[PDB]
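Visitor: got an experimental structure here, sequence first:
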Amino acid sequence: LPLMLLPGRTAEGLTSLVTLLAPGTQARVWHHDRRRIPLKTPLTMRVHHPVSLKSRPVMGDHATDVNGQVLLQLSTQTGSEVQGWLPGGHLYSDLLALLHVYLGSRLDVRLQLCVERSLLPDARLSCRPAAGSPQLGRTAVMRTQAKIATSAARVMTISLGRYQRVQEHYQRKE
Amino acid sequence: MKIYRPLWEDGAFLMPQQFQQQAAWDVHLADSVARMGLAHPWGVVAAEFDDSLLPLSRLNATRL
């Protein structure tokens, strides 16, 4: 509530949101990041005979838009909380605290994590195989001690669409 | 060379030797298709070099 009274703010409140919910975990924010696609529906690099334009729109075939997709890392050291961030545990805590309380439709948030090696099994049935997108924690049958690694990704906190359609009426002639 | 194709039913830990021995079997199957009719091993499809570098002697390849 003290943080949610300043308008249009901030980045440093996301540090408080993590240290509240599970101690031992720290947070760092990178403000801009190299986001990618949105694929533009006309390719627009046809070189035109009747009418064309220059001033801003210059590109190839896929665009890059930095502007709003921040990166967040977490860092734990108690293994009971390592199995809390994989989907099912504390991931439902952040995923609802962001989307309707603190940010809403401001931005989109990328998540990331760095632990020591993993605690992750393999190809068992219907639902809990995937450690996000990657898999590990199964092959080191060689050496005793630690190596540090990044963990995985989590999904963005986004909400969007187009609905379908074309229109039929208009505003007003003033 | 003792090609061992694995099976997966449930609960098997993934480990690289299931994948390495899998992909080697597809080559050997595709080898045995070709040796039915032709009775020929493999050979050279295209090998084109660079002629301009020869009197300043080196040798560069382009397509092999």
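Guide: Received, thanks. Numbers count the residues shown, from 1 in each chain, chains lettered A, B, ... in the order given.

Visitor: my guess is residue A:137 meets residue A:147, correct?
Guide: No: counting by Cβ atoms under 8 Å, residue A:147 is not a contact partner of residue A:137; they are 11.7 Å apart. Every residue, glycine included, has its C-beta placed from N, CA and C.

Visitor: among those two, which residue is more densely surrounded?
Guide: More neighbours surround residue A:137 than the other of residue A:137 and residue A:147, with 15 against 8 (other Cβ atoms under 10 Å in any protein chain shown).

Visitor: count the neighbours of residue 42 for me.
Guide: Since no chain was named, I'll use chain A. Neighbour tally, residue A:42, other Cβ under 10 Å: 6.

Visitor: my question was about chain B
Guide: 7.

Visitor: joint contacts of residue A:137 and residue A:147?
Guide: Here residue A:137 and residue A:147 share the contacting residues residue A:117, scored by Cβ atoms under 8 Å, 6 or more residues apart in numbering or on different chains.

Visitor: hang on, isn't residue A:61 packed against residue A:45?
Guide: Yes: between residue A:61 and residue A:45 a contact is recorded at 7.4 Å, counting by Cβ under 8 Å.

Visitor: quick one: list the elements packing against the longest helix along chain A.
Guide: Using DSSP state H, we find that the single longest helix of chain A is helix A:13-21. Helix A:13-21 sits against strand A:26-30, helix A:91-97, with contacts defined as 3 or more Cβ pairs under 8 Å, 6 or more residues apart in numbering or on different chains; DSSP states H and E.

Visitor: for chain A, give me its nearest residue in chain B.
Guide: Per Cβ to the nearest Cβ, residue B:14 is where chain B lies closest to chain A, at 4.2 Å.
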